[PDB]
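First comes the structure, then the notes that go with it.
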Amino acid sequence: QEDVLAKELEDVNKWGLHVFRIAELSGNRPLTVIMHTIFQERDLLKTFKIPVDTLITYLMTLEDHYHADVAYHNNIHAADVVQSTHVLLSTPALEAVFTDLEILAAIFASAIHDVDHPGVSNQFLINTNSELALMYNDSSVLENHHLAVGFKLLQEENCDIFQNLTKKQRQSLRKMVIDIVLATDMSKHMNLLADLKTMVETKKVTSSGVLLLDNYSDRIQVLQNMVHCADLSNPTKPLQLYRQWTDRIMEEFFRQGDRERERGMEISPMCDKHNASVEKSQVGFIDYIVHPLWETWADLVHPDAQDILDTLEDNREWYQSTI
Ligand SMILES: COc1c(OCCCCCCC(=O)O)cc2oc3cc4c(c(O)c3c(=O)c2c1CC=C(C)C)C=CC(C)(C)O4
Ligand SMILES: [Mg+2]
Ligand SMILES: [Zn+2]
């Protein structure tokens with residue numbers, strides 16, 4: 001069974017990796033094995049002097065803190081986001097643009113960006129006076145908690161994968177990771193996209209024809225949008241993957257809808273398993289959120305992402321045609 005997993009992990013650099021198969025083949029360790037493969041692929045263990053055993057122990061603990069009962073926001077989603085971010089980092093327009101530290105930050109951010117997700121929305125947690133919402137004062141509740149658990153786990157025995165970074169490297173990675181994960185909060189999406197359009201309209205490309213990011217604010221904005229695109233990349237994937245993601249998000253949205261009913265609350269949009277248009281929701285999700293974002297990304301890196309964009313638009317057409 002190990003050589004089968006190893007042959008599937010050969011697709012780790014391709015948009016559309018069979019992540020669910022890898023989840024199966026790995027004994028439900030897609031995050032561990034995909035992160036380890038990506039770290040091996042980018043030589044991050046030699047570069048940052050990460051003991052392999054420390055890397056593995058941290059990854060399995062992190063994966064353990066994704067919930068098995070959560071159909072969408074689980075370790076497979078994390079593995080998927082990790083691997084999609086990895087692909088986007090290698091886009092030719094960003095070639096040589098980012099440092100090893102920033103590359104590490106973006107990959108590590110993707111891995112933790114939904115850890116310990118309970119399966120209910122920020123608004124749900126706010127509207128039910130959840131402990132998490134009280135602790136975090138209703139502000140990017142889930143995303144602050146993902147960050148806190150993601151860092152907390154580095155402190156467990158033989159889990160500090162950053163133990164041979166300088167104090168200054170860890171400070172800079174901590175800030176980048178926090179900035180990246182907070183940007184995955186969807187209430188930040190409009191302003192994020194606005195700033196990405198502005199960067200596109202003021203794009204400078206260097207002599208080599210790659211992107212010029214001369215300051216932290218520009219560099220971190222790209223990583224924020226890169227990971228955000230990766231988080232919203234499901235409708236850009238091959239249809240058999242996309243549809244399974246839709247099934248999973250709907251199961252989870254419906255399971256929040258049931259709990260809202262149990263409490264007599266008003267049912268959130270798209271969470272009522274009695275009045276739900278899965279297909280129309282996906283078309284409006286693409287039309288209003290995913291396609292604007294990804295079209296703007298494709299602009300920033302033109303033409304590197306044209307195949308991703310084509311697939312998104314075929315998939316939009318597909319879901320639409322089913323109505
Ligand atoms: C919460 O963001 C969403 C949205 O959620 C995406 C769910 C999948 C995220 C995967 C990544 C991860 O959560 O880890 C899905 C959404 O789906 C929509 C679907 C729509 C429409 C929408 O406006 C939205 C969203 O705004 C929308 C939004 C934006 C939210 C606000 C403005 C408050 C309009 C019309 C119809 C009903 C046809 O379809
Ligand atoms: Mg999230
Ligand atoms: Zn996510």
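Letters for chains follow the order of the structure tokens (A, B, ...), residue numbers begin at 1 for each chain, and ligand numbers begin at 1 in the order shown.
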Problem - Test item: residues lying within 12 Å of ligand 3 with only C-alpha atoms and all ligand atoms, as a ChimeraX atom specification - result: /A:66,72-82,84-85,109-117,119,121,142-143,146,180-186,227-234,245,249
Exercise for the section: May I have the residues within 12 Å of region 273-277 of chain A as a PyMOL selection string, using only C-alpha atoms and disregarding those fewer than 4 positions away in the same chain? Expected result: chain A and resi 246+250-261+267-269+281-285+319-320+322-323
Completion exercise
In terms of only C-alpha atoms and all ligand atoms, the residue from A:223, A:196, A:120, A:161 at minimal distance from ligand 1 is A:120
Problem - Top pick for closest residue to ligand 1, considering A:54, A:306, A:202, A:187 and counting only C-alpha atoms and all ligand atoms - result: A:187
Fill in the blank from the handout: Taken to one decimal, the CA of residue 38 (chain A)-CA of residue 15 (chain A) distance is 13.8 Å
Exercise for the section: Rank A:241, A:6, A:44, A:135 by their smallest atom-to-atom distance to residue 20 (chain A), using only C-alpha atoms, and report the top residue only. Expected result: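 The closest residue to residue 20 (chain A) is A:241.
Each of A:240, A:130, A:191, A:47 was compared to ligand 1 using only C-alpha atoms and all ligand atoms, and A:191 turns out to be the nearest.
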Handout entry: Selected residue, from A:53, A:39, A:86, A:91, that lies nearest to residue 304 (chain A) when counting only C-alpha atoms
Key =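 Closest to residue 304 (chain A), using only C-alpha atoms: A:91.
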Practice task
Would you work out the distance separating CA of residue 4 (chain A) from CA of residue 19 (chain A), expressed in Å to one decimal?
Solution key: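 That distance, rounded to one decimal, is 13.3 Å.
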DSSP on the backbone, alpha helix (DSSP H) only: what residues of region 19-188 of chain A does that give? Format it as a short mmCIF file (atom, residue, chain, number, x, y, z; two decimals) with C-alpha atoms, in the first residue's frame.
data_model
loop_
_atom_site.label_atom_id
_atom_site.label_comp_id
_atom_site.auth_asym_id
_atom_site.auth_seq_id
_atom_site.Cartn_x
_atom_site.Cartn_y
_atom_site.Cartn_z
CA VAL A 19 -6.14 14.48 -2.40
CA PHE A 20 -9.01 12.22 -1.26
CA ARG A 21 -7.19 9.15 -2.55
CA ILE A 22 -4.06 10.21 -0.67
CA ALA A 23 -6.27 10.62 2.39
CA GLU A 24 -7.36 6.99 1.94
CA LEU A 25 -3.91 5.63 1.03
CA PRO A 30 -3.07 13.50 4.00
CA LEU A 31 -1.81 16.55 5.86
CA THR A 32 1.23 14.80 7.37
CA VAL A 33 2.28 13.05 4.17
CA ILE A 34 1.57 15.98 1.84
CA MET A 35 3.40 18.47 4.09
CA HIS A 36 6.33 16.08 4.45
CA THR A 37 6.49 15.54 0.69
CA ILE A 38 6.35 19.29 0.07
CA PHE A 39 9.04 20.01 2.65
CA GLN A 40 11.17 17.33 1.01
CA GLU A 41 10.40 18.75 -2.43
CA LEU A 44 12.97 22.95 3.63
CA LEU A 45 14.41 20.40 6.08
CA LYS A 46 18.04 21.06 5.11
CA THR A 47 17.47 24.80 4.67
CA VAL A 52 12.62 14.83 10.14
CA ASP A 53 11.27 13.26 13.34
CA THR A 54 10.37 16.67 14.75
CA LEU A 55 8.59 17.50 11.49
CA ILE A 56 6.61 14.25 11.54
CA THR A 57 5.68 14.50 15.23
CA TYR A 58 4.44 18.05 14.73
CA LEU A 59 2.44 17.16 11.62
CA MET A 60 0.63 14.21 13.14
CA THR A 61 -0.30 16.21 16.26
CA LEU A 62 -1.56 19.11 14.13
CA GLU A 63 -3.53 16.68 11.96
CA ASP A 64 -4.91 15.08 15.14
CA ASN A 75 -7.34 17.66 7.66
CA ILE A 76 -8.10 16.87 3.99
CA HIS A 77 -9.07 20.48 3.39
CA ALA A 78 -5.86 21.53 5.14
CA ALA A 79 -3.82 19.14 3.02
CA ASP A 80 -5.62 20.46 -0.08
CA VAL A 81 -4.93 24.08 0.82
CA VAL A 82 -1.28 23.27 1.65
CA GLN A 83 -0.79 21.59 -1.70
CA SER A 84 -2.64 24.27 -3.67
CA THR A 85 -0.57 27.00 -2.02
CA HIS A 86 2.54 24.98 -2.91
CA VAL A 87 1.49 24.97 -6.57
CA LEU A 88 0.72 28.69 -6.60
CA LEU A 89 4.12 29.50 -5.05
CA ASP A 100 12.67 30.66 1.83
CA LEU A 101 11.25 32.13 5.03
CA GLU A 102 8.18 33.51 3.25
CA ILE A 103 7.73 30.23 1.39
CA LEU A 104 7.86 28.43 4.74
CA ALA A 105 5.41 30.91 6.27
CA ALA A 106 2.84 30.45 3.49
CA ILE A 107 3.08 26.66 3.54
CA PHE A 108 2.91 26.53 7.36
CA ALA A 109 0.01 28.99 7.41
CA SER A 110 -1.96 26.83 4.97
CA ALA A 111 -1.37 23.74 7.12
CA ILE A 112 -2.72 25.32 10.31
CA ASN A 122 -17.99 32.67 12.93
CA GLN A 123 -21.49 34.16 12.91
CA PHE A 124 -22.90 31.01 14.51
CA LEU A 125 -20.28 31.17 17.26
CA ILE A 126 -21.04 34.87 17.81
CA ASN A 127 -24.84 34.43 17.79
CA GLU A 131 -16.67 30.47 24.51
CA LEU A 132 -14.55 31.11 21.40
CA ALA A 133 -16.61 34.16 20.43
CA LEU A 134 -16.40 35.52 24.00
CA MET A 135 -12.66 34.96 24.12
CA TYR A 136 -12.07 36.67 20.76
CA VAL A 141 -13.11 34.20 15.89
CA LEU A 142 -12.26 30.91 14.15
CA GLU A 143 -9.14 32.29 12.47
CA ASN A 144 -7.58 33.62 15.67
CA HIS A 145 -8.21 30.22 17.27
CA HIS A 146 -6.70 28.35 14.34
CA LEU A 147 -3.57 30.46 14.78
CA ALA A 148 -3.39 29.99 18.53
CA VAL A 149 -3.74 26.18 18.36
CA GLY A 150 -1.33 26.00 15.41
CA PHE A 151 1.39 27.81 17.38
CA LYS A 152 0.57 26.19 20.75
CA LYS A 167 14.90 34.53 17.14
CA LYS A 168 14.54 37.14 14.39
CA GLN A 169 13.43 34.51 11.85
CA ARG A 170 10.72 33.17 14.12
CA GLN A 171 9.45 36.66 14.87
CA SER A 172 9.21 37.42 11.17
CA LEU A 173 7.54 34.08 10.40
CA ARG A 174 5.11 34.47 13.30
CA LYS A 175 3.94 37.84 11.94
CA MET A 176 3.62 36.61 8.35
CA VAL A 177 1.71 33.47 9.39
CA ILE A 178 -0.72 35.44 11.56
CA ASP A 179 -1.29 37.98 8.76
CA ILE A 180 -1.84 35.15 6.29
CA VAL A 181 -4.30 33.12 8.37
CA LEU A 182 -6.37 36.13 9.46
#
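When CA of residue 215 (chain A) is paired with CA of residue 302 (chain A), their separation reads 21.7 Å.
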Practice task
Choose the residue, out of A:204, A:243, A:197, A:188, that has the smallest atom-to-atom separation from ligand 1; count only C-alpha atoms and all ligand atoms.
Solution key: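 Between A:204, A:243, A:197, A:188, the residue approaching ligand 1 most closely is A:188.
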